[PDB]
Each structure stands twice: as structure tokens, then as C-alpha cells.
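Worksheet: the structure to be examined is printed underneath.
Residue numbers (my numbering), protein chains in the order written: chain A, 742 to 960; chain B, 100 to 145; chain C, 920 to 1124; chain D, 175 to 283; chain E, 571 to 693; chain F, 3 to 186.
As C-alpha cells, this is what we get:
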């Protein structure tokens, strides 16, 4: 009369990250109300979009400094989320726990010089396949944006997702000497009396930024 | 509800399986992200 | 960009405002919880501005120079009287940090409202923008205005043994004076409690 | 060193005197944050002027600070008998280099 | 009354080490920056060391960089100046100064001064 | 796109600024409830283990992502390897109660013991940081056995508030290099 079952082999072992739920032992517990608590966030990428975070540059500062030299390259950093320049951003903190990403990454440049310190900057994205540009003249052939400093002190540029595959690795491999996602180059086209002024750079996620394949590889 | 992956209703009642939530008397950062300013500010540059 | 704020019978007008940053909420949640048994009362006499001196920003201050202020600080007024005469209290904050220098100065300050903060490292400062914040940039503004609600583990708390909020001012870019800038900028704070509720009146000293 | 002060100055009682503080090569500006201290023998120095023009509440109104002629200046007007002491000049020049003057000995006749 | 007192001085053979202790009373030691200066007998003041509120920024004069070490303990309301490899040039009266005043929240204030501790380095 | 920058108003731009097209987003793997719903190993004490979610090491995925929230709420799940009988006690109860088997006691199963414990704290939410060392009431209770060898936590119905900084490994080189899995 008993309904017969077959205890299959290889099934039923404890797997972490498995969709099943455990059996209760303690019922009829009511929690204190949590209705309309401030600060609720349900998706970490919503926080990544809403809150830009500073990049890191030489000598641990969140800004680049105006250069008067012939070399107008302010900074040149790999597009990887494992880059040293992005190692202090919320976006990299998320990306370290995921295997793959895909989407636009937004950079925000805020000018903090005096009101009489006008400057003109260019930001360019160099895709993989060639040495990164050393001069703004060569970088003018890439996807780039130029901007002045004026009443509006912040300018936002969207680094696009350009890859052969649909998703790109968040972590870099030891054998890959050159970055597989290219480089972001920030130049200074010109400046007025803006010697020693700071351009503060922040990073955030774009509309189509996605992280996938969670992984725990220490931190 | 994450990591559910089951189409069969739970054997135990929700009263025992989970602690019940009480109401009194929302997603803030989704609201921030959705109301973010996009597009150009003034005229067109290039 | 003229903005005038009015708390109680106190007013504060600024002509270089970049708007008000509401943090974590635009309104207040429920104040009549089951933990007070309906004995809470509102004290509108305490919703006033009080002035404190944060620090003095100079060319000496490099990046990472961080100053903290736990908001339920020493208040010589109605608010401090409530703290000393009531067991449980609840309020949000309306903070106006002013760094009045000159439009010929450079650099940048970040003013943030961090819940449950006692100390912060330099690396974490890079993500200080995760909190309700504004930038004070002398080329464009000299006042940061942030409004935050009550926010804690409990609906009411004992402010003698817990400080829910911390006002944080950090130097993002060093101050530059050059020739026509102000030699130093005295950073002050003008803070107003909002929606003050008290419960459990204490005996006299 | 590199900070020049007058080695000694004399002022009549109730008179006006100006102690001066310069660099050997350069101009003293507000970015140097000049400070003026007063010291009597066997006593720690006490602050008279900070930020080159500001004085504490307890310091009398006789002492005034200014930046004139590319040099920091401490003016004592209506000097009393208590103003005879060594006056020192603190100047800021980079984070790890805080300079002090030689010290001017002011005597009241 | 806001005051600071220095202790730990005396006569020490050159090449030795000793630690000055600064104890402050009448104020919240956590909220103020600490300077260590010294004055040679008959000479002018010389600034030696500077430490911030949470010991995050520390600066030394080039003459005593590496030789000296400044630290603080806010729970004990104390500051410490450990001097190593002392030379005969270091014989002076050492002052612990609290940088801070009503309307002066920077390091260029140097308002509160202690009586100073004498250090005599000779052989 | 130019804006004020001083305000915290989000300014997110897209590639259509220079002729591109924004693609679809698939963000189910960064959902708070989904990502925190997985077992994480914690260091077990010999006999008595107070169930505090801060016992999760900060370098693990679950620990780090939990520490990104100032306040959190969740039900708890345990996977425990133990000898003898495992007794669980809600918070606010004396440790002596861990010797009484009328409290929820799991008899030795064979490989492990999986339990679903509710949120028993007297607070509406628990905090990862407290500006009062957290208060002793920030716990899910305690468990006791003859010897606990393996202990795993799993947050259920996790809710998070007030995001906090989340730091990655800071490399000394141009970028952080790792030995990524690849066929040999």
C-alpha cells in the first residue's frame, strides 16, 4: 500500500547556493514593524548608478593636477574594473565579487579651480588593438569628448562597452600584459592661469551596466 | 525572493517557515537611480 | 540662486545655494510606535538653528583631512534641556555647512551625513559620496544644505548613549589661495533639529 | 633661520612701536599665517596675534597685527609697563617647516 | 582652566633616549592638535613635531626627523614625544602646545602652552 | 553633459550622447535578497556559538556585502556539523537554557543539520555599525553542542538600508592580476 520511491544516487547532498529552504523549528514569531524605513536599497547596481565614487591617482589623491609640460596626458588608465585607478570605487568593490560585466561606465570630471582658472580638457577611449595615444592629436581619432570649464563645473562622459564578446571579465589575467578592454586617456588641451588646479574624477555605472556570475575570491 | 527555484508550494505554513512581518499605521535608491538627470544640459556641442 | 530656510523663529539666507540634498527620505516615517504607548509629545520649541564651528580650512590641509561631529552634541538651549529632562527622543536634522572664502579660491570640500560613524579610514573616504552629501566648491558655492530624517535601530533612542548621525567634512582638493584668494576659510555649521518628539519624562535633579 | 626680526627695540611709555618680521628672500603673505607671541623670562610664551591680524579675546586691544611692506608687523599702541618682553614671530612655510624669528626684546622707558 | 603639563625631562647622557609626556586638563584632548616645540637657553623657539586629532597626519622638523617620534593617547588625555639618539644640541626646555582657540581651529594657533620640561644632554 | 556637480543629484549619461544606443540591463545577480541567500562558513567555537551575523568574515562575499548595509533584516538558516544534540535558544535568554532540550534541539542526523531560525531580535532592524563593539541584543540567538565542527550561515529575506563603503583589493601594480581559470 506504500507508494514506492526510488532514492536516486547523486541527489540530496548539501549544496551551497542551492534553491531549497530548510525546515522550521520555531513558529509564530512576529517581527517589529519595518514599514517605511529610510535608506532602503534592493539592488546594488542602483546604488552604483546613484552614487559616483572617486578615482585614485598618483600619491593617493582623487584628483589630477594641471600639467604645464609638453606632455598633455593627464592620466591614462586601463578600462578594467581591476585597475589601480578604480581600486577605491564602489563599482570595483562590487565587480570583485562577480566574474563578468557588460555595459557603460560613467566618468564625472569636476573642476575645482578658481573662477579665473579656465581650462579645456579632452577624454578619449582607446579600444584594444594599438598602443594608447600619447598626444591629444593622435587621440582625436578615437571616441572622445572635449569640454571647457565654466558655470557648470562637472562634465559626465560615458565610456562605451565595445567588445567582441557580449560580456567582459571583471578580473584581469596574469598572462594578459595589455588590457583587453582598451584604455581611457584624459588629456589637458589647454589652460588659462590654472597651474596647480585639481580635476576630481568620479566613477559610476551607466544605464546598461550589468554584473553577472557571483564569485568569492577573497578581498 | 532570491534562490527559491521551486514550483511547489512550501510544505509548511508561512507562519512557521518564516517570521511574520507586522505593519504600522519604499525603495529609495531605485527612486534615486530612476530620477537621475540624463541628456544634454544646454545646446548641442558636436 | 537665493535660498531662505526658516526653522522655528530662526532664518538662514544664502545667495549661492546649489539646492537641498534630501538624504534617505523626503519625509518622516511613523512616530507613534508601540514602544511609547502613545505618550510621545512634539516639542516645536526645539526646532531651531544652533551654530557650531567645524574647523579652519587652509592650504596646509591636504586630502584626507577629515573632521567629524556627532550631531546630538553639547546644546545650550531647549534641545539640551529636553535631552536632560526626557528619557527617549526622536528627531531628524537639517544641516547647513558654510565655508565662506572667496570666489578666487580653489579646492573642494565634501560635506556628508554618515549614520552610525565613529571613525573613517582614508580609503573609505573615496566612497564617502555613498552618504547624503554635497560639495562646497569656492568657485560656485559656499554653502551645503542637507536634510536627513530620524534613522536608527529603534524608533526612539537614548541620546546620552547613542549618536545616530555624524556630520563629516573632508578635503577633496587642497585649498589654493594664489593672489586674490582668502588665506583661510572658517568652516561653520548651522544645524536645526526637525520633528522633535520626546517620551518618558525624567525626575528632577 | 631665514627669518629676520629687529634684535631689540625701545618704546617710550604710552607710545607706539612697530615690530617687524620678514623673510631673507621673499614676501610674507597671509598664506604664511603669521603669529606673534610674547614671552617674559621664566614664563612660557603666550599667543598675541594669529592669522596676522586676529587676536584672542583675553589679549588687550593695544596689540594689533598687519601685513605691510611684504613683512608681518605687530604694532603696540599706548605701550604699558607690562609690554617689556621678547616678542617672537611664527611663520608657516610648508607642512614640515614652521619657522620662528630671532625674537625682538622690547623695553619700555 | 585649560592647561597642559610636561614631564619626563632631566639630565641624560648623549646617545640615550627618553619620552616626554604631555597631560592636558580642562579641555577635550581628542578635539585638539598637539605641537612639540623647544627653546634653547638664550635662543629662539624651534618647532619640532606636530600631530593631529586622530594621529592621521604627523609632521616633524627636518632637524629631528627620524630621531623623534610623536604620538598621543586620547583616553589618557596624553601626548608622547619619544626622543632617540639625543645629541648635545638638544639641551633645551621642551614645550607641549595645544593648537586651538575660540575662533581658531587650525594648527597655526598655538594657544595653550605648558611650563615646559628641561632636557640637559651633556657628557 | 555638463551639470552643477556640487549637489548629490545623480547625473547618469548614456552613449546616445555621441550616437550610440543603450542596451538592456540584466541585474538579477546584484539583487540584495538573491546575492545574500547563500551559505557562508564562519569560524565555530567549541561549545557555545552566539549567532551574530558579524561573525561572518569581512573578506567573504556575504560578509562584505552585508557590511555594505548600515541596517539589515533577515531570517537565518544554519548548516551545522556537530556531535551530540544541537540546542538553539532565542536571544534574551540565559546561557543556562542551552542545557535544556525543551528548547529547539536537533538530534544528530548524519552528515549535518539544516535549520531555519526566525528573526528574534527585539529591534525592528539590526545594525552592522553602532555608535554607542555592537550591543549584545544584535544576535539571532545561540546554539550549543558537544562540539561544533562546521557552522554555516544563510540570510533569508534579506533587507538592507543605508549603503556603506565597499573596498576592493588595492594593487601595487597598474592593475590587479589574478590567475584566472583556463583550460590546460
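Beta carbons are placed, not taken as given, at the ideal position from N, Cα and C, and that holds for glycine.
For chain E, is any of its Cβ atoms less than 7 Å away from the one on residue i?
i: residue 272 of chain D; result: yes
i: residue 262 of chain D; result: yes
Hey, is residue i's beta-carbon within less than 7 Å of any beta-carbon in chain F?
i: residue 1034 of chain C; result: yes
i: residue 1029 of chain C; result: no
i: residue 124 of chain B; result: no
i: residue 994 of chain C; result: no
Does residue i come within less than 7 Å of chain C when only Cβ atoms are used?
i: residue 676 of chain E; result: yes
i: residue 132 of chain F; result: yes
i: residue 165 of chain F; result: yes
i: residue 855 of chain A; result: yes
i: residue 243 of chain D; result: no
i: residue 205 of chain D; result: yes
Using a 10 Å radius around the Cβ and a threshold of 16 neighbouring Cβ atoms, would you call residue i buried or exposed?
i: residue 963 of chain C; result: exposed
i: residue 67 of chain F; result: buried
i: residue 744 of chain A; result: exposed
i: residue 74 of chain F; result: buried
i: residue 748 of chain A; result: exposed
i: residue 613 of chain E; result: exposed
i: residue 951 of chain A; result: buried
i: residue 949 of chain C; result: exposed
i: residue 187 of chain D; result: exposed
i: residue 257 of chain D; result: buried
i: residue 110 of chain B; result: exposed
i: residue 896 of chain A; result: buried
For residue i, which residues does DSSP report across the bridge?
i: residue 43 of chain F; result: F:154
i: residue 220 of chain D; result: D:212
i: residue 668 of chain E; result: E:604 and E:682
i: residue 955 of chain A; result: A:839
i: residue 264 of chain D; result: D:209 and D:274
i: residue 1061 of chain C; result: DSSP lists no partner for residue 1061 of chain C.
i: residue 1 of chain F; result: No answer is possible for residue 1 of chain F: the residues shown for chain F start at 3 and end at 186.
i: residue 985 of chain C; result: C:1089
i: residue 779 of chain A; result: DSSP, once it has assigned bridges, lists no residue as partnering residue 779 of chain A.
Using 7 Å as the limit for Cβ to Cβ distance, is residue i near chain B?
i: residue 140 of chain F; result: no
i: residue 852 of chain A; result: no
i: residue 1050 of chain C; result: no
i: residue 36 of chain F; result: yes
Could you confirm whether any beta carbon from chain A is found closer than 7 Å to the beta carbon of residue i?
i: residue 1056 of chain C; result: yes
i: residue 128 of chain F; result: no
i: residue 108 of chain B; result: no
i: residue 89 of chain F; result: no
i: residue 104 of chain B; result: yes
Is DSSP giving residue i helix, strand or coil here?
i: residue 877 of chain A; result: helix
i: residue 257 of chain D; result: helix
i: residue 898 of chain A; result: strand
i: residue 182 of chain F; result: coil
i: residue 9 of chain F; result: coil
i: residue 784 of chain A; result: strand
i: residue 1042 of chain C; result: helix
i: residue 936 of chain A; result: coil
i: residue 34 of chain F; result: helix
i: residue 183 of chain D; result: strand
i: residue 887 of chain A; result: strand
i: residue 999 of chain C; result: helix
i: residue 659 of chain E; result: helix
Comparing the C-beta of residue i with each C-beta of chain D, is any distance below 7 Å?
i: residue 680 of chain E; result: yes
Which bits of chain G does residue i rub up against, with CB to CB less than 9 Å?
i: residue 1046 of chain C; result: This model lacks chain G altogether; the protein chains it does include are A, B, C, D, E and F.
Just checking, does the region 1066-1076 of chain C make contact with the region 1006-1022 of chain C on the three C-beta pairs under 8 Å criterion?
-> yes
Give a yes or no on contact between the region 124-144 of chain B and the region 782-790 of chain A, applying the rule of three or more CB pairs nearer than 8 Å.
-> yes
At a cut of 8 Å, does the region 1093-1102 of chain C reach the region 806-813 of chain A through at least three beta carbon pairs?
-> no
Counting Cβ pairs, one atom from each stretch, are 3 or more of them under 8 Å apart for the region 1043-1061 of chain C and the region 925-942 of chain C?
-> yes
Three or more beta-carbon pairs under 8 Å between the region 108-121 of chain F and the region 79-90 of chain F, yes or no?
-> yes
Say whether the region 939-955 of chain A touches the region 3-20 of chain F, bearing in mind that this needs 3 or more beta-carbon pairs closer than 8 Å, one atom from each stretch.
-> yes
Are three or more beta carbon pairs between the region 996-1007 of chain C and the region 1027-1041 of chain C nearer than 8 Å?
-> no
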